Amino acid sequence: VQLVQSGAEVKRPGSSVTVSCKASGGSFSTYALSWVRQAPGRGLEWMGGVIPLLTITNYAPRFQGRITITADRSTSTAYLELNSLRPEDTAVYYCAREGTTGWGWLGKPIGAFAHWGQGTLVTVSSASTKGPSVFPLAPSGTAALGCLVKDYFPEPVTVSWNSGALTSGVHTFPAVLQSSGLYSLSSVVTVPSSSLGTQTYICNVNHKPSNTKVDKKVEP
Amino acid sequence: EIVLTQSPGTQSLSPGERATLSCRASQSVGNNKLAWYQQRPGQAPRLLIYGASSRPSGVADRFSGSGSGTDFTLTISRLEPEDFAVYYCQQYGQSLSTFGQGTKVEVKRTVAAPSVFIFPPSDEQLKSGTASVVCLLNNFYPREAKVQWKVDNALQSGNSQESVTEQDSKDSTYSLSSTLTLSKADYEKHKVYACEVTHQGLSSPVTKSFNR
Amino acid sequence: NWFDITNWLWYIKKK
């Protein structure tokens, strides 16, 4: 059994999002499929689910009136629709199907969620795609230095150092969401002071949605 | 609605130790339909126990579940490196399924004060009309830390943000980055930029600062 | 309990 979900999506406040989940393996029709979300840094919240053969949905009271879960047995695909979106609906949405006992995947259902999709990040925002500026955090036995990747949208951004050759002492921090609705993150590394003469330090920043790919040399 | 309470929300333990995690339900969980999941940063949760005490094949037998009614326990007989993660309980003994808020099991180590570094705005950024000043609190333990920005000794509010890394897999420390942001014009109205740090490993607050 | 439905389903479809 594998669940594959649709890709990340940016949605405007007040819009509706649809996220899909394609199952392959075992039986689609007679096993319970649920949706569970997780806001950034927060816990898992069960939203609801569907048993496709019976078309019996079951929604958390908190989402009853905003949510529709459907199942298309011809494609083994399940859908979550969530309406009237607000910033607090920003989260990773996972589909999950109940496990089964014993060998194979056609055994007796266990209710609990054994099989999870990879998750779909839905970001609710009015911001428009924007690439970051990349600014050095110049170094002053141990020195610190880094890069400030400021004002980008949407997530994600990745950062490596010296094309992946420098990992020791590297800390790349979670992004923070600024009042502008744009993100900023920082990446730093600590090194021996004496290497500042002998060695080059370059932060490789990649923001695919804006095609910002900057390799910023950071020096004293 | 069944409220599940996982308390404490964090446990600091050493590799090889035993861990017992509590899940208390506000009402009796129907037919002991209580599951436990593990989640590591950046990953989907993974089912460990279902029906209070049943373990899927594939799941390490050092995880066991027990309890019934309102009082449930996940036991990890001996913690391996990969067991340091977040654990959630879930009840599905009623149509309204609920999760606990999770318990993070993290690596206990000796107290380590942050090394603190302050970074003035880059000349590049200053050209653009904005000034961000960054404070780094590096490799500290435990996670609890505070930074306060002062500008000419005036305490700042509403113009900074911070984040914290995940516990380092090698040295079990945390680091924190804070950015103070001002317009260039406002930045140029002041001289001293200071970040003041408080942490259990410091007998009194540490200040790093520069003079614009 | 909606979470028990599929189990009944599984049982009645064996026979």
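Deposited coordinates in this entry are attributed by the record to X-ray crystallography, at a stated resolution of 2.10 Å.

The name the PDB entry assigns to chain B is Fab 4E10Light chain, from the organism Homo sapiens. As recorded in the PDB, the entry bears the title "Crystal structure of recombinant 4E10 expressed in Escherichia coli with epitope bound".

As recorded in the PDB entry, chain A goes by the name Fab 4E10 Heavy chain, listed as coming from Homo sapiens.

Visitor: Go over the packing of aromatic side chains with me, naming the residues and quoting the values.
Guide: For the structure shown, the criterion picks out 14 aromatic pairs over all chains. Between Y152 of chain A and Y183 of chain A the ring centres are 5.7 Å apart and the planes differ by 25°, which places this aromatic pair in the stacked class. With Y152 of chain A in strand β13 (residues 142-152) and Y183 of chain A in strand β17 (residues 183-192), this pair connects stretches of sequence that are 31 residues apart. With centroids separated by 6.3 Å and ring planes inclined at 40°, the aromatic side chains of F63 of chain B and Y87 of chain B adopt a geometry described as tilted. Pair noted here: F63 of chain B is in strand β6 (residues 63-68) and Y87 of chain B is in strand β8 (residues 86-91), with a separation of 24 residues, a long-range link.

Visitor: A description of the sheet that holds strand β14 (residues 158-161) of chain A should follow, citing residues and the corresponding values.
Guide: All names here are of chain A. Overall, antiparallel pairing links the three strands, which are arranged β14-β18-β19 in an open sheet. Across the chains shown, the open sheet's two edge strands, defined by having one partner strand only, are β14 and β19 (212-218). Looking at each pair of strands side by side, their axes are set apart by 15° on average, direction ignored. Here β14 pairs with strand β18 (residues 201-207) via four bridges, running antiparallel. Bridge pairing in β18 links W161 to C203.

Visitor: Go over the interface of chain B and chain A with me, naming the residues and quoting the values.
Guide: Interfaces are often described in size by the accessible area the parts lose on coming together. Contacts between the two partners involve 37 residues from chain B, matched on the other side by 39 residues from chain A. At the boundary of chain B with chain A, total buried surface from both sides reaches about 3000 Å², with 67% on carbon and sulfur atoms. Three residues stand out in chain B for area buried against chain A, namely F99, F119 and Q161 of chain B, and they jointly supply 18% of the buried area on that side. Across the chain B-chain A interface, the total number found is one salt bridge. Of the charged contacts in the structure, one is a salt bridge between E124 of chain B and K216 of chain A, with a shortest N-O distance of 3.9 Å. Along the contact surface separating chain B from chain A lie nine residue pairs in polar contact. Of all the secondary-structure elements, those providing two or more residues to the side of chain B that touches chain A are β4 (34-39), β8, β11 (115-119), α1 (123-127), β12 (130-140), β15 (160-164) and β16 (174-183) of chain B. A per-element tally of the side of chain B that touches chain A places β12 of chain B first, with six residues. The residue inventory of the side of chain B that touches chain A, partitioned by class, reads 16 nonpolar, 18 polar and three charged.

Visitor: So what's going on with the domain arrangement of chain A? Which residues, and what values?
Guide: All names here are of chain A. Each assigned domain of chain A is listed here: domain 1 (1-122) and domain 2 (123-220). Taking only C-alpha atoms into account, the centre of domain 1 sits 34 Å from that of domain 2. Taken together, the contact between domain 1 and domain 2 spans twelve residues of the former and nine residues of the latter. Applying the counting criterion to the domain 1 and domain 2 interface returns zero salt bridges. Where domain 1 meets domain 2, there are six residue pairs in polar contact. Put simply, the parts of the chain that give the side of domain 1 that touches domain 2 at least two residues each are β2 (9-11) and β11 (120-124). Looking at the side of domain 1 that touches domain 2, the element that brings in the most residues is β2, giving three residues. Along the lines of polarity and charge, the residues of the side of domain 1 that touches domain 2 split into six nonpolar, one polar and five charged.

Quick notes on the rules
- Residues numbered from 1 in each chain as written, not as in the entry; some residues may be left out.
- Chains lettered and ligands numbered in written order.
- Heavy atoms only, no water.
- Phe/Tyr/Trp six-rings, centres within 6.5 Å; stacked < 30°, edge-to-face > 60°.
- Helix = DSSP H or I, 4+ residues; strand = E, 2+ residues; numbered from the N terminus.
- Pairing = 2+ DSSP bridges.
- Axes fitted to C-alpha atoms, helices over the stretch in contact; angles between N-to-C directions.
- Contact = heavy atoms within 4.5 Å.
- Buried area = accessible area lost by both parts, 1.4 Å probe.
- Salt bridge = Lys/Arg side-chain N within 4 Å of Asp/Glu carboxyl O.
- Polar contact = N/O pair within 3.5 Å; in protein donor to acceptor, adjacent residues only side chain to side chain.
- Nonpolar A, V, L, I, M, F, W, Y, C, P; charged D, E, K, R; others polar.
- Domains from an automatic or database assignment.

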